[PDB]
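So the protein sequences, as listed, match chains A and B.
In terms of full-length UniProt numbering, the first sequence opens at residue 169 and continues consecutively.
In terms of full-length UniProt numbering, the second sequence opens at residue 170 and continues consecutively.
Cβ atoms here follow ideal geometry from the backbone N, Cα and C, with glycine treated the same way.
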Amino acid sequence: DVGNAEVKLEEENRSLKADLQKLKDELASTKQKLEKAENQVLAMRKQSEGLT
Amino acid sequence: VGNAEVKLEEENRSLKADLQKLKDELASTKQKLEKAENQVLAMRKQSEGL
Numbered sequence: 169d170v171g172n173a174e175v176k177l178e179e180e181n182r183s184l185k186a187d188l189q190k191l192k193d194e195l196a197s198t199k200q201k202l203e204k205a206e207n208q209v210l211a212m213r214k215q216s217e218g219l220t
Numbered sequence: 170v171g172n173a174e175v176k177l178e179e180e181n182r183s184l185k186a187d188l189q190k191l192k193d194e195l196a197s198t199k200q201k202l203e204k205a206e207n208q209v210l211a212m213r214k215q216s217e218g219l
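Listed below in structure tokens is the structure:
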């Protein structure tokens, strides 16, 4: 039935959009954390070179 | 209205493809984060002795 297929797709689509928003938020945060960690590595390199 | 079902199928395909890509980018970024944090810890140790 067209009605059944449509309802199933609408349900999947609502569920996928919520999963997508979650993953988008998690990605943005993880990327920000990676940038921080990499800049930590660089700051420590300079501090370890300014000491040694 | 006539296009209702195919548009839903198209959206569905679009979302599923985006979902897989984001899961892939997330796992890759998480792995890089783990490596960088581990570099920080390794460098903390070498800095400790000196």
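Against chain A, with Cβ distances strictly below 8 Å, would residue i count as a contact?
| i | result |
| --- | --- |
| residue 187 of chain B | yes |
| residue 206 of chain B | yes |
| residue 194 of chain B | yes |
| residue 174 of chain B | yes |
Only counting the same chain, and skipping five residues up and downstream in sequence, which positions put a Cβ closer than 7 Å to that of residue i?
| i | result |
| --- | --- |
| residue 196 of chain A | none |
Please decide whether residue i counts as near chain B, where near means a Cβ-Cβ distance under 8 Å.
| i | result |
| --- | --- |
| residue 191 of chain A | yes |
| residue 210 of chain A | no |
Does the distance between the C-beta of residue i and the nearest non-hydrogen atom of the ligand COA fall short of 7 Å?
| i | result |
| --- | --- |
| residue 196 of chain A | In terms of ligand content, the structure shown is empty, and the ligand COA therefore cannot be addressed. |
Which bits of chain A does residue i rub up against, with CB to CB less than 7 Å?
| i | result |
| --- | --- |
| residue 180 of chain B | 181 |
Mind listing the chain B neighbours of residue i? Cutoff is C-beta to C-beta under 8 Å, in chain order.
| i | result |
| --- | --- |
| residue 201 of chain A | 202 |
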